[PDB]
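Here's the letter readout for the chains.
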Amino acid sequence: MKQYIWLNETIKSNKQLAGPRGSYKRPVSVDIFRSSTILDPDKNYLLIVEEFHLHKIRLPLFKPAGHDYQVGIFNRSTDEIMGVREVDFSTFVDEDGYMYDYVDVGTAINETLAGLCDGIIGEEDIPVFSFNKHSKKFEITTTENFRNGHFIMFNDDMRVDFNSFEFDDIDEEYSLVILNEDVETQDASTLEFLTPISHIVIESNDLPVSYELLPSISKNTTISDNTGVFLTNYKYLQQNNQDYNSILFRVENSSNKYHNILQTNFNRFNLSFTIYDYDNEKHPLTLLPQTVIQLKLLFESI
Amino acid sequence: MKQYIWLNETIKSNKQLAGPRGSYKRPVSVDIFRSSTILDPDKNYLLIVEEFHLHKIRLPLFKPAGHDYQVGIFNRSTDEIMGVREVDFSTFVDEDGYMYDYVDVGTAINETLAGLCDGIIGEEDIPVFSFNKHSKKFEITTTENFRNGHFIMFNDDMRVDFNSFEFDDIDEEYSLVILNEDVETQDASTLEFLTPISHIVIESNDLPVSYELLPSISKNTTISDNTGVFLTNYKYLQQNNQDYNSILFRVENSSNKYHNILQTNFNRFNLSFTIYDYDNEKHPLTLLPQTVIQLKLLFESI
Amino acid sequence: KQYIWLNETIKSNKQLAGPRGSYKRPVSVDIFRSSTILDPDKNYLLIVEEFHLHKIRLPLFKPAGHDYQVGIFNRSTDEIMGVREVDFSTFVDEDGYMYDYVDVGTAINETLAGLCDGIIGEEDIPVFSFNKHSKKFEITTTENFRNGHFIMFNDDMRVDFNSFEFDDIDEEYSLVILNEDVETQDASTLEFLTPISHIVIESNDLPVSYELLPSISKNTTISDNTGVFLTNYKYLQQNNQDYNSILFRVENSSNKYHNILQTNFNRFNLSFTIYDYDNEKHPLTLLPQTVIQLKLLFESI
Amino acid sequence: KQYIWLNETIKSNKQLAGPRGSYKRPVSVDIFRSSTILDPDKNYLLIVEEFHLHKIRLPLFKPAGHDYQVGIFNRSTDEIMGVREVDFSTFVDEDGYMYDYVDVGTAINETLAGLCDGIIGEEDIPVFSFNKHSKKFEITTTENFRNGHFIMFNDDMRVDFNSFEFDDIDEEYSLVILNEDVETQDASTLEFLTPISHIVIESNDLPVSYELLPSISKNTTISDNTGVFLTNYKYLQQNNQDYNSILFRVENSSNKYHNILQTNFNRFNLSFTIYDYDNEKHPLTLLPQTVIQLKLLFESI
Amino acid sequence: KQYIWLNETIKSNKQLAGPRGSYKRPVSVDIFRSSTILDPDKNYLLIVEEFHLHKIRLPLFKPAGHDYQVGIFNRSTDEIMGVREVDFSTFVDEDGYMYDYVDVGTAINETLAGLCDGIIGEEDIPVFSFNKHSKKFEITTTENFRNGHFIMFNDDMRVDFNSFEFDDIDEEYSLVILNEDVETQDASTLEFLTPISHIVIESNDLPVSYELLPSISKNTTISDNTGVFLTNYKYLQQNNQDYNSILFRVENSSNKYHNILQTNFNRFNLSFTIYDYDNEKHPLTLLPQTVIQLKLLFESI
């Protein structure tokens, strides 16, 4: 008596629908609509998302608002701090608050550093902070008399997010960057610390499916009655410096991500793709002209 | 007594059946035909494709119809667009609309670029777009005098499909390729953005099996009662520059990939292999003279 | 629910297998137990949990399946100078196999050298070899050859050595494009050369459900053909190693079950059989050093 | 069958965690809902589907679990010159931990150089160091030192730094055989240095069946000991990163269920505890930048 | 459906294990609880969910299993000059094992260097060694040795060092084809050298269904032999490390269950045992630094 009902669905795009480079920000959404009912009224069903493919989409790599970076210059002779300046990303950011290239994250940190040294260090001893495309690691390029005279300072947010450099803590907030070579690099990639993207989610405002329990909407009370609809949640990881992506999800062996279907009598519902950031700020996945999206669902009877 | 019924099948080929280099384009198809009935009438069954092997077949690597590429050249001194041309693939394409080598995709982009430099730029400083066999990444080769004078422009389709270059957006369509060295290469492979092949499916016109639910045929309306018989969905990924492949599948992941058998009394049925492109255009998997195809089905009783 | 486990092993020696396995003794075990294995009141499924074929020999190539031909194309006259079949007969064992991809490379080389005996000077004769390091075939050439001529591969050579760069001239032959002294394959193609498809465990006398097979006949489609298979392991040739240690362990998503039809037995045979891509089955044979391990599960329903 | 999902998060900041996580705030969450979570008619299993410990600091070394000693052996006189315990006192935090293998190397070195200063000249004093790039420890020496002397490692040093080649002179000490100026480990041994074994989710108040534990008594065997564990993540230190982002997802082992004993509840606590290899348990703590995510599944039966 | 989890650990030290594990104390634990573990009215399966054997020492080679012989062949005379069997006696520990592939290389090298003593000049003696970096054995030779002579491997050597290029002259012996100074294996063959087959958890007194085993005596094939195995871990030697840290974690949907026959018990013993390819059984033993972890599941039906 076990029944398997498979529902495929797709989304084509174009320049008229999405605008140049996805300027219109059209959310990825699909209206499933059929002439008859999908499920039998005698049976109880579970819903699982078997697969999806988000082919040719754009995702942000950095979100300055979440971070509070600061750089500084220390002196060896006087043994005191020369200055401290916050990293200003304002010129590099798009309207929605995001950046799309770790070269630009590296550039912004460099301009803050070069600007801080303007009065106090000579031109050819100004250290350069940059992002290497090959190794996916940030590097610090320095002269030998700079290393003898001064140190570069990172505050705790810079310390943590660029953790694979070598550090020597001077106080509660600031740390010195230990530099022995002309070109010093990270021991390891830390791009996972910089990406704002946490999860990608499929939701539905009208599908009669059992909600997931959530914590309190407010920041105050532990007590909560809050719920939400989630059909699958895919954990996103940023392996490299590619803002343009092609994301394949295929359910594996265990396939534990089931949700109860509450009402059998329906022929219509909406599905949407939503991106959650690490700060829990929600925003929709948007189409490019060249985006194709595939989706496969399974309604399984019990 | 739960029952496992296993069904094996193979296709050998030759030069008479398939034609030279598979000229005849005979679809991969099998008629399973047996003496007595395959299943018991007293039981209900699920069908799952345990394993297949597409041994020595050919697959296309690129499909120019779906892409609208344009290159261009931007002068720094005048600070204006000098020329723009569409990339023409007509001289590289086979009967069905496909190409079979990423070198040729590189060459086509190169000749477009050379043709656009014909009148305006001197012969020694003409840039060379190419495909590196060793790294699976496309490269742009340039002289120092060219980089001081001019830029290479990619439109939004080029931008997306060759995204791992460093870009600088000048306009709603075109973006500048930032070049700092003689030979500049992609920071990541983008062959996944070029392959027209999405899925490879096994289907049947006469097996009494439950249909999967499909989206609307008509462009205007969203409603649909469209259906189709799909026995398995193999997702394809282009790993390298190999048109000739040996494709193995074993069901270690898709525990859920079952289909209901509606009738128990059948004696014979057809199976055929079909390739779906990303534009959802259907075309059959075809034989070479050297093709061997293996296939294993499971009828599992409930 | 009942889980009944059954271990078996085959130690080998020079007296049982002969020197270099010259006796060709099939890998085979007779299980024989004092009482009945399964209790008569229950119904059972059989599954093969693991085996280990430790220290055995497998072939890497089988010339009979392939029809290789090489040729020389003159670029000046713009015509074919000659064509010859690749003969593997000096390289093959009694059973029809070869055991090293160096030898497969050597045989293609000697065919290519022989065809250039009268036509081209000694110094420009091209060399086709197998690299042990990269598992890729290579073509060594002089610059004088590359201007004058091209090497030709027929379609079987084209498909099996597909990762070279090719240019078709007619419906059978293709030109090998060569721009450097030492040109090599873009990717390994050993998967195209191995004859080994599957390794299987079968039984003459175990009361188990048979798998449905296609027709033995050359012409007709209709079939009542069947056969006993307890597991089938897909084999892939990763490198140039004829000697192998093959480990199989069942992953969690467990489908490879077979119905036991009769509970009343205390004795059965198991045999290991190799299947090739041309469907020709032959037995897995013992070496003196071979150890074989096996674990079966009888799981009740 | 019913699937009840429950998500939770912990945002953090400078005021909650303190500078560099100095306040040592345990990673903990109180769930609290207006209505009851589970239907009283049904029976449930609990499984932790996923968590993500994003931006946390973990120790890389814990001196109290080791007893390291270096020494010097003279080749000519063929006797032990001296021996000393490696002093980690200066390099350690309040809680007894270190966070960099560069500092583990430095501590071993200063003990080695302190033992040499009266009996070996400056030029020939060997340098023990950690290599950031290869993730392997190294010993830098002069040819004059190699011929005159040997470095001595005791058993604990011998085992934790096992990829150097060794020569046992007595039942405790071993000679480090050195041929080049810079000699390195044949393999990384960071897995032997980490104190972190498991990371666990526990709950004092959730009505879930306990896991059976052995006695806290070292001498006696008998035990009635128990504890609430909802999942246990095995941790592996691969590199020199104290700052981590740890992701768990139940693809591997969905056998990890615990019986819910009481359906009637709307409140419980979840905490993240770290267990070292000596079984010393301690709380996972927050940095200002930490974000923690958590997903539980109550599944009916 | 009930899930009963039982944890267990062994925290070693110098006094329990002895210096370098001198005391050869087997890895064994006694579970002993106040009340009965399982419910009397229910029926149970047992699965081992995970273990961790952290800081143990395993052997890499076992000479008694192999009969290695090298030889030398003259090109000019076209005959065998000499043959000698490879003696490992001077390298082997009390229990018949060796712990470094360098020493296996050295032992073959001395057997080779003793055979050349009277026959070949000092410079032209070939060197057999193990390359630590590549995990491959190597042969170093001079130009005039390759022109003058060949090295011979017998069939046992041929099979265990199969990655070299070979050429057979006789039912037992084969020639090692050497074209360059330093010649190496085309593939690693440490898997042909490890004597370790699997690591097993046993129990004398746990009331659990035994696994069915073959005959102890090789005379007859009939057998009523049985043995208690709770889990069965296949071991693979991937490098030259004798000191290891072995982690086992079960797959989501494993079949590796055993039937518990009696629910009325509160005590049992677990022990870790190593099985070799010759089926010889020996206990896993503690070092002072060893930590053992273990998690059982009893799952009701």
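The rules behind these values
- Residues numbered from 1 in each chain as written, not as in the entry; some residues may be left out.
- Chains lettered and ligands numbered in written order.
- Heavy atoms only, no water.
- Helix = DSSP H or I, 4+ residues; strand = E, 2+ residues; numbered from the N terminus.
- Buried < 20%, exposed > 50% of the residue type's maximum accessible area, 1.4 Å probe, protein only.
- Pairing = 2+ DSSP bridges.
- Axes fitted to C-alpha atoms, helices over the stretch in contact; angles between N-to-C directions.
- Contact = heavy atoms within 4.5 Å.

- The deposited coordinates, according to the entry record, derive from X-ray crystallography at 2.7000 Å resolution.

- As annotated in the PDB entry, chain C carries the name Minor capsid protein and is attributed to Cafeteriavirus-dependent mavirus.
- For this structure, the PDB entry title reads "Crystal structure of mavirus penton protein".

- With the PDB entry as reference, chain A is termed Minor capsid protein, source organism Cafeteriavirus-dependent mavirus.

**Quick word on unusual backbone geometry**
And step 1. Notably, C:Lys24 is not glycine yet its phi reads approximately 55 degrees, a positive angle.
And step 2. Position of C:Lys24 among the secondary structure elements: in the loop between α1 (14-17) and β2 (28-32).
And step 3. Phi at E:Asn279 is positive, roughly 70 degrees, even though this residue is not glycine.
And step 4. With respect to the helices and strands, E:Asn279 occurs in the loop between β18 (267-276) and β19 (281-283).
And step 5. A relative accessible area of 44% places E:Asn279 in the partly exposed class.

**Focus on the sheet that holds strand β6 (residues 127-131) of chain D**
All names here are of chain D.
And step 1. One open sheet accounts for three strands, arranged β6-β7-β11; its pairing is antiparallel. The open sheet has two free edges, formed respectively by β6 and β11 (182-184), since each of these has just one partner strand. Each strand axis lies, on average, 30 degrees off the axis of its neighbour in the sheet, ignoring direction.
And step 2. As defined by bridge partners, β6 adjoins strand β7 (residues 136-140) across five bridges and the pair is classed as antiparallel. The residue of β7 that forms the bridge with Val127 is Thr140.
And step 3. Against the sheet, helix α2 (residues 101-116) contacts β6 and β7, and its axis sits at roughly 175 degrees relative to β6.

**Description of the pairing of strand β12 (residues 197-203) of chain B**
All names here are of chain B.
And step 1. In terms of burial, β12 is largely enclosed, as seven of its seven residues are buried.
And step 2. Here β12 pairs with strand β18 (residues 268-277) via six bridges, running antiparallel. Paired with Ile200 across the two strands is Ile275, which belongs to β18.
And step 3. Of the pairings in the sheet, the one linking β12 to strand β15 (residues 232-235) comprises four bridges and is antiparallel in character. Each residue of the ladder has a partner; that of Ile202, found in β15, is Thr232.

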